[PDB]
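The form deposited in one PDB entry is given below as one chain in structure tokens.
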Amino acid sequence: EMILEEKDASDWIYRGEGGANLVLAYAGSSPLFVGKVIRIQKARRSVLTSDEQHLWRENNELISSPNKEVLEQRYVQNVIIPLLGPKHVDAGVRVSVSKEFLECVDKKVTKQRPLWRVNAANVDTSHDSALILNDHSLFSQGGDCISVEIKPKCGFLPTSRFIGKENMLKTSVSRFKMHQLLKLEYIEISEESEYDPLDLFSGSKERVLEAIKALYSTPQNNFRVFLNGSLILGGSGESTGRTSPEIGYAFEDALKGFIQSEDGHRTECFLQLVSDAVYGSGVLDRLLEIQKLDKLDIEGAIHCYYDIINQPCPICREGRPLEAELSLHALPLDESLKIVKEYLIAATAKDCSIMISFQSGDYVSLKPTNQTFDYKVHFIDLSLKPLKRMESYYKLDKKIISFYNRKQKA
């Protein structure tokens, strides 16, 4: 029991954000909130639609959620944990908030937010609740703690019965790689990321290290590093441009004390440590199993979505009739519901992040520095994706592939 009022907004500072939630770390002195983060949902510019209630009917505690914050809490603990495991997942504790606290918080951090983020979304000041999670950038509560955030994205390729001849490049080239080309076009990134999510998930030592190095070279919105809660690499609530020579010098120096290596080598040693931690723990393996719940791709699943909402299928009837996916539409409701539900769970896994906390059971021995590091892994950002979003998923996919295709015509 706790109600945060307008005065409490002074005790929270900006940490980061995505497209759904704004996150703030504690900067006050209250013993009850020290070492915690606050996850506040944003409104873009009642709790579940009828069709969402039909889709999540097997989970009754889910469909009876009073607000959207409890819904997220019950989605993680009733759907995602039975799939990922409870060891590295925190569902978090609820806390009551006021309309004013939320408004003051919104205003407090505005200046530290990205310009375009301020444009698209602000905090939803109509919610009476917020999520309190453990601040993973702190090791627990030892000395210093270097923390690494990774947004791995999708690490498998569609193998589909349902991807057309004209989109067959989707079988060979990753979604992440293809998206980079579109992102660059809409000036959402400065340069094409060198990171290939197929390497990180490959379960191969040399390929994981290759992936970690690429995440250093072009962090964008996929790689962040924190010294004791303080951002020392990556973007602040957005994607960031290439690690320049200068960013490199600062990060190399920020590593002093923690990594015991001679100047100009602490970085290559640190990237060895992150690689060893990721590879050794195999925490990615079980997440790939959840991403693979998208078995038919959006070009397959889309047909099932129109069967679920009882709407005539546009894709089938507005295309060539002899190429209509009769296969999928012949499927019973229960089957149709299963595919789309598993697709939405996969989307959660495709969009989550991983935070590895390091400190001088789970441990790494760095031969080049002669040091030992304890580490903890936690999954974060395990949101429930709206069912309505299947339609925008198909449009986005159709936009990415066709733009990739016509670029290959050069």
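Residue numbers here begin at 1 and follow the sequence given. Superpose the two forms; the largest set of C-alphas matching within 1.5 Å is the rigid core.
- Gap check for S172 to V173: zero deposited residues are absent from the model.
- A chain break between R45 and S46 is present, corresponding to 10 or more residues of the deposited sequence without coordinates.
- As recorded in the PDB entry, 77-85 is the stretch of 205-213 and 77-85 with the greater mean C-alpha temperature factor.
- If you average the C-alpha B-factors over 144-152 and over 86-94, the higher value belongs to 86-94.
- The entry assigns its greatest Cα B factor, within the set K341, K385, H54, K376, to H54.
- Note on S357, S353, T348, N59: the highest value goes to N59, judged by CA B factor as recorded.
- The deposited CA B-factor of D397 belongs to the lowest third of values across its chain.
- Sort the modelled residues of the chain by CA B factor and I163 lands in the lowest third.
- When all modelled residues of the chain are sorted by CA temperature factor, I40 is found within the middle third.
- The PDB entry assigns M390 a C-alpha temperature factor belonging to the lowest third of its chain's modelled residues.
- In the PDB entry, a CA B factor belonging to the lowest third of its chain's modelled residues is recorded for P219.
Another form exists, deposited in another entry; not displayed. Remarks below refer to it.
- Comparing the two forms between the shown form and the other one on the rigid core, the single residue of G92, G237, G300, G229 with a CA shift of 2 Å or greater is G237.
- Here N122 counts as shifted, since its C-alpha moves by at least 2 Å between the shown form and the other one after the core is aligned.
- After superposing the rigid core, the Cα of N60 is displaced by less than 2 Å between the shown form and the other one.
- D11 shows a C-alpha shift of 2 Å or greater between the shown form and the other one [criterion: core-superposed Cα displacement of 2 Å].
- The pair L115 and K399 is looser in that other deposited form: their Cα-Cα distance rises by no less than 3 Å compared with this form.
- Between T348 and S239, the Cα spacing is larger in that other deposited form than in the shown form, differing by no less than 3 Å.
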